[PDB]
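Chains as they are written, first to last, in the entry's author numbering: chain LJJ, 2 to 91; chain LLL, 2 to 52; chain LP0, 2 to 155; chain LHH, 2 to 121; chain LY0, 1 to 134; chain LX0, 9 to 101. Think of the CB as a built atom: it goes at the ideal place given N, C-alpha and C, for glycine as much as any other residue. So the structure is just underneath, and the comments pick up after that.
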RNA sequence: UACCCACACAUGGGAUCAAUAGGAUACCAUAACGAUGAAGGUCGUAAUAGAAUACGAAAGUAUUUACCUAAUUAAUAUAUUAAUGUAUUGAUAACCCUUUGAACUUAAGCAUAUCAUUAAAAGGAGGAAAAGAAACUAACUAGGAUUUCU
RNA sequence: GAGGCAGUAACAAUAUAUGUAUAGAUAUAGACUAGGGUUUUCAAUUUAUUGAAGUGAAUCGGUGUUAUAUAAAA
Ligand SMILES: [Mg+2]
Ligand SMILES: [Mg+2]
Ligand SMILES: [Mg+2]
Ligand SMILES: [Mg+2]
Ligand SMILES: [Mg+2]
Ligand SMILES: [Mg+2]
Ligand SMILES: [Mg+2]
Ligand SMILES: [Mg+2]
Ligand SMILES: [Mg+2]
Ligand SMILES: [Mg+2]
Ligand SMILES: [Mg+2]
Ligand SMILES: [Mg+2]
Ligand SMILES: [Mg+2]
Ligand SMILES: [Mg+2]
Ligand SMILES: [Mg+2]
Ligand SMILES: [Mg+2]
Ligand SMILES: [Mg+2]
Ligand SMILES: [Zn+2]
């Protein structure tokens, strides 16, 4: 049958983790992520308008860009050992 | 199923740790006097999707 | 903290007791408690024990569509009767607690009478069921509040 | 507690013996947590002592590197000691290179300089 | 308008967010108190922030007139407790009262943790402001 | 390979403490073995070399384990008799 | 006893009114990424720790920065003598320059036409970009590189 | 958010005067893989809630070779 009698036969799993995005959308036979398209260098364009909200620039941790913005507003504190050395460069 | 890879075990250990009620030493504080956890799950109701 | 609808003229010699949101069906405890008012407290505990051992019946008056006839309901000039178990055990626990406060305040047990008996509805507790062709229907239950006051005779 | 001033006093060889003796102190404290009682602020002061001690060591090796590469051009020194601004600025050409001009232009403007004059 | 932004604004909600989410030295200066007249002759400024253990006197409110020493300071609530004052609870009246430090004037100081160094630094900076004007 | 290096790996970095369970106490007396808790990233060869540096007693074989709570435990056999009772007494267990 | 009406007192539910560390629109300034390892992810660190939040074995308050990731003991090219040095690769969701390019719809039907030098898609840079010093406009008593407004 | 129909349809209901036992009744049972992930064991309070403990490999699986320019837990 098509209904209740055939849902017992579903015990095979096809998608696994991806290395780059972290979602469970990496096909193990086609060898390609269905969300980020992993083995290619460039990332995939998302499917809808709401999909650009979910992982944009700024919902993360921003380990580096938090620093770069902070030197724009306030000046950078310098190391005095490094400051004396750069004046001795030719 | 007693035959796991490395990634499946490391993800499964972390998912066991996060299913816990609030400890009793924190509940005596004024902040958490009546507050309780809402993100608990049951092992028979909802599945974890780890594969 | 349900308030009573009883108007107390004398603060002494009036004993109150209360259970809030008891896990008994509402339509069955209403049927048992309709004939407890204007009775002695000793006659009530003897009467409710006969309902558990099926020797006296309860006359169904308000919610009575589909009840079997019996001969034990001739004492009330009626023709319908039933013997609910779990509703009678919940009312028996209330009447024992009134008897204990009377001996603590030193009152006389025989002189007491039942004066104010009312019950009312309570908020629900929801449930679930799974029917044919994959549809889901509610399966909830309905508790009640129980309020009883006792007064000495003159 | 320990001050950051006392670590700057000592020698390089004397700095290393402290880090091991501080690391031995954390071992006996952690065993006390399992088999006994531990005061509610005792481990945290011991962990922050080693973080202050390692930071003086990283500064003392760095001043040795500056004396070795003191007077050289920029392509001789390692890339970590180079000054960093951003990637788009390192590829920009200098102020001296941008203002150089052809001999037909700078010879002409030297003959007719600027004049300061008054109202109309 | 994140937290502790210290703005020049006239809206009701923008100014009140700076009162709740202030931190640092800005939280200290909200809890200041008025000087006595004889203390004003010694130094010359108007007010100064409040520390623990100096003798104060209430000048307004239902507790008017009483004088006591400071027992606690609560930075998260902008409240203090003064000796000799009682407040009713559901069991007793032994609870000390909680007051805002804008209703109190202090009479005698308390010199701890370099307190004399700070007071003499303000008295130097005040008179230089007067010499700029003339 | 870098200019300024990290310091050397010291045996206080690998061993954390000594387990004090009921199953660990049976392994001390009847079989002269020590039950330690180590860090997760180190292998079998470096664990056995560290134990003979700390307590000064030779260790022969080490069986490791990763339990369900995320730790890593080691079962360290000792060569000479009476070592494990002496070590656990001086360490305070 | 049940059915109906009137009055007084108690249950059930969250409408009305008042407040508010939240949003919406317009204007002004800025227009700072990445092989010196970015954006994003996985796992760990609290004296008694779950969610949230901050942080990397120096880990729950001026340096360090675990493992994947353009992810690189490489690839396409240049210079010196198989080795060494130099330059490019990834992110964008507004404005700018090229390539490719529809149909729904209107014509009261429809096939040239319109929607349209548009939407989607691809390539390339900057705080702006593109354009710019007549192998022009005019028929007057003649004007004078580009851009923007009426 | 809460009614009528309505406590109506539809489902569950072994014996002993003293018992950690004497009897009755229904159902074949046990191991590897795919899937599940602490349900395991014990203690305390009433198929629940909280807290501890528990998985040890030179010879048992993977990591190795290939199926005529990415393939095997038989
Ligand atoms: Mg199949
Ligand atoms: Mg397939
Ligand atoms: Mg499996
Ligand atoms: Mg299921
Ligand atoms: Mg019937
Ligand atoms: Mg059914
Ligand atoms: Mg179904
Ligand atoms: Mg092993
Ligand atoms: Mg249209
Ligand atoms: Mg048409
Ligand atoms: Mg039409
Ligand atoms: Mg048509
Ligand atoms: Mg066209
Ligand atoms: Mg411009
Ligand atoms: Mg240009
Ligand atoms: Mg049946
Ligand atoms: Mg359990
Ligand atoms: Zn992916």
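inquiry  = Under 8 Å: does the beta carbon of residue 135 (chain LP0) sit that close to some heavy atom of ligand 7?
reply    = As a position in the third chain, residue 135 (chain LP0) is number 134, starting the count at 1. Residue 135 (chain LP0) Cβ: within cutoff of ligand 7.
ask   = Can the beta-carbon of residue 34 (chain LY0) be found closer than 9 Å to that of residue 127 (chain LY0)?
value = In the fifth chain, residue 34 (chain LY0) corresponds to position 34, counting from 1. In the fifth chain, residue 127 (chain LY0) corresponds to position 127, counting from 1. No, the Cβ-Cβ distance between residue 34 (chain LY0) and residue 127 (chain LY0) is not below 9 Å.
inquiry  = For residue 15 (chain LJJ) and residue 24 (chain LJJ), which I take to be in contact (beta-carbon distance under 8 Å), what is that distance rounded to the nearest angstrom?
reply    = On the first chain, residue 15 (chain LJJ) is found 14 positions in, with the first residue counted as 1. On the first chain, residue 24 (chain LJJ) is found 23 positions in, with the first residue counted as 1. So it is not a contact: roughly 14 Å between Cβ atoms.
ask   = ligand 8: which residues have Cβ under 7 Å from any of its heavy atoms, chain order?
value = 71 (chain LX0), 72 (chain LX0) and 73 (chain LX0)
inquiry  = residue 57 (chain LP0) and residue 76 (chain LP0) - do their beta-carbons sit closer together than 9 Å?
reply    = Position 75 of the third chain, counted from the start, is the residue given in the question as residue 76 (chain LP0). Position 56 of the third chain, counted from the start, is the residue given in the question as residue 57 (chain LP0). Yes, the pair counts as a contact, with Cβ atoms nearer than the cut-off.
ask   = Can you find a CB in chain LHH that lies within less than 9 Å of the CB of residue 70 (chain LJJ)?
value = Sequence index remark: in the first chain, residue 70 (chain LJJ) carries index 69 (1-based). No - not a single Cβ of chain LHH is within 9 Å of the one on residue 70 (chain LJJ).
ask   = Among the residues of its own chain, which have a CB less than 6 Å from the CB of residue 40 (chain LX0), if the five just before and after it don't count?
value = Along the sixth chain, read from residue 1 onward, the residue named residue 40 (chain LX0) stands at position 32. These residues qualify, in order along the chain: 86 and 92.
Residue-chain proximity (residue 10 (chain LHH), chain LJJ), Cβ-Cβ < 9 Å = Position 9 of the fourth chain, counting from 1, holds the residue named residue 10 (chain LHH). Taking Cβ atoms only, chain LJJ never reaches closer than 9 Å to residue 10 (chain LHH), which makes this a no.
query = So does residue 32 (chain LJJ) have its beta carbon nearer than 8 Å to some heavy atom of ligand 3?
reply = In the first chain, counting from the first residue as 1, residue 32 (chain LJJ) sits at position 31. No, the beta carbon of residue 32 (chain LJJ) sits no closer than 8 Å to any heavy atom of ligand 3.
query = Exposed or buried, residue 33 (chain LP0), counting other C-beta atoms within 10 Å across all chains shown (16 or more means buried)?
reply = Translated into positions along the third chain, residue 33 (chain LP0) becomes position 32. With 16 or more Cβ atoms within 10 Å of its Cβ, residue 33 (chain LP0) is classed as buried.
ask   = Would residue 30 (chain LP0) be called buried (16 or more neighbouring beta carbons within 10 Å of its own) or exposed?
value = Translated into the one-based positions of the third chain, residue 30 (chain LP0) becomes position 29. The residue in question, residue 30 (chain LP0), is buried, as its Cβ has 16 or more Cβ neighbours within 10 Å.
task = Report the residues of the stretch 44-57 of chain LHH with a CB closer than 9 Å to any CB of chain LX0, ordered along the chain.
result = 55
task = Report yes if the C-beta of residue 10 (chain LJJ) is less than 8 Å from at least one heavy atom of ligand 1; otherwise report no.
result = The count along the first chain starts at 1 and reaches residue 10 (chain LJJ) at position 9. Checking every heavy atom of ligand 1 against the Cβ of residue 10 (chain LJJ), one is found closer than 8 Å.
Within 9 Å, strictly: CB atoms of residue 32 (chain LHH) and residue 25 (chain LX0) = Residue 32 (chain LHH) sits at position 31 when you count from the first residue of the fourth chain. Residue 25 (chain LX0) sits at position 17 when you count from the first residue of the sixth chain. The answer is yes: Cβ separation under 9 Å.
ask   = What residues in the stretch 25-45 of chain LHH bring their beta carbon closer than 9 Å to a beta carbon of chain LX0?
value = 25, 27, 28, 29, 31, 32, 33, 34, 35, 36 and 37
inquiry  = 9 Å is my cut-off, CB to CB: does residue 77 (chain LX0) come that close to chain LLL?
reply    = Translated into positions along the sixth chain, residue 77 (chain LX0) becomes position 69. Residue 77 (chain LX0) counts as touching chain LLL.
inquiry  = I want to know whether the stretch 139-146 of chain LP0 touches the stretch 120-129 of chain LP0 - three or more CB-CB distances under 8 Å.
reply    = yes
ask   = If you count every other CB in all the chains shown that lies within 10 Å of the CB of residue 104 (chain LP0), and 16 or more means buried, which is it?
value = Taking the first residue of the third chain as 1, we reach residue 104 (chain LP0) at position 103. Exposed.
request  = Would you list, in sequence order, the uninterrupted beta strand (DSSP E) runs of no fewer than 3 residues that lie entirely inside the stretch 65-126 of chain LY0?
outcome  = 67-74, 79-82 and 104-108
inquiry  = For a test of your reading of the model: does the CB of residue 131 (chain LP0) fall under 8 Å from any non-hydrogen atom of ligand 6? Yes or no.
reply    = As a working note, residue 131 (chain LP0) is residue 130 in the third chain. Correct: residue 131 (chain LP0) has its Cβ closer than 8 Å to ligand 6.
query = Identify the residues that DSSP records as bridge partners of residue 47 (chain LY0): which are they?
reply = Reading the fifth chain from its first residue, position 47 is the one you call residue 47 (chain LY0). According to DSSP, which records beta bridges pairwise, residue 47 (chain LY0) is partnered with 34 (chain LY0).
task = Go through its chain and collect everything with a Cβ distance to residue 37 (chain LLL)'s Cβ below 8 Å, but skip five positions before and after it.
result = Position 36 of the second chain, counted from the first residue, corresponds to residue 37 (chain LLL). Here the set comprises 22 and 23.
request  = Tell me whether residue 37 (chain LJJ) sits in a helix, a strand or coil according to DSSP, three-state version.
outcome  = Here residue 37 (chain LJJ) refers to the residue found at position 36 when the first chain is read from its first residue. Three-state result, residue 37 (chain LJJ): coil.
ask   = Relative to the alpha-carbon of residue 74 (chain LHH), which residue among 41 (chain LJJ), 9 (chain LJJ) and 91 (chain LJJ) has its alpha-carbon at the smallest distance?
value = Here residue 74 (chain LHH) corresponds to residue number 73 of the fourth chain, with the count starting at 1. Per the Cα distances, 91 (chain LJJ).
Buried or exposed (CB count within 10 angstroms, at least 16 for buried), residue 58 (chain LX0) = On the sixth chain, residue 58 (chain LX0) is found 50 positions in, with the first residue counted as 1. Buried.
request  = Find the nearest neighbour of residue 21 (chain LY0) within the set 130 (chain LY0), 76 (chain LY0), 118 (chain LY0) and 82 (chain LY0), judged by alpha-carbon distance.
outcome  = Within the fifth chain, the letter at position 21 stands for residue 21 (chain LY0). It is 76 (chain LY0).
inquiry  = For residue 48 (chain LP0), report the span of its beta strand (DSSP E) as first-last.
reply    = Along the third chain, one-based indexing puts residue 48 (chain LP0) at 47. From DSSP, residue 48 (chain LP0) is part of no beta strand (DSSP E) but of the alpha helix (DSSP H) over 42-53.
request  = Write down the C-beta distance between residue 92 (chain LP0) and residue 49 (chain LP0) rounded to the nearest angstrom, noting that I regard them as a contact closer than 8 Å.
outcome  = Indexing the third chain from 1 puts residue 92 (chain LP0) at position 91. Indexing the third chain from 1 puts residue 49 (chain LP0) at position 48. About 6 Å separates the two Cβ atoms, so the contact holds.
query = Taking the continuous beta strand (DSSP E) assigned at residue 23 (chain LP0), which residues delimit it?
reply = One-based indexing of the third chain puts residue 23 (chain LP0) at position 22. 15-23 is the extent of the beta strand (DSSP E) around residue 23 (chain LP0).
Contiguous alpha helix (DSSP H) assignments of at least 4 residues, all confined to the stretch 28-53 of chain LX0 = 30-37
key: Any C-beta of chain LX0 under 9 Å from that of residue 15 (chain LLL)   = Stepping through the second chain from its first residue, residue 15 (chain LLL) is reached at position 14. It does; some Cβ of chain LX0 falls within 9 Å.
ask   = Would you say residue 18 (chain LJJ) reaches chain LLL, if we count a Cβ-Cβ gap shorter than 9 Å as a contact?
value = Here residue 18 (chain LJJ) refers to the residue found at position 17 of the first chain. Yes, its Cβ sits closer than 9 Å to a Cβ of chain LLL.
message = Would you say residue 91 (chain LJJ) lies against chain LHH (beta-carbon separation less than 9 Å)?
response = The residue labelled residue 91 (chain LJJ) in the question sits at position 90 within the first chain. Chain LHH, which has a Cβ nearer than 9 Å to the Cβ of residue 91 (chain LJJ), makes this yes.
ask   = Buried or exposed: which applies to residue 64 (chain LP0), given that a residue is buried once 16 or more other Cβ atoms fall within 10 Å of its Cβ?
value = As a first step, residue 64 (chain LP0) is located in the third chain; it is residue number 63 there, counting from the start. Residue 64 (chain LP0) is exposed by the Cβ-count criterion.
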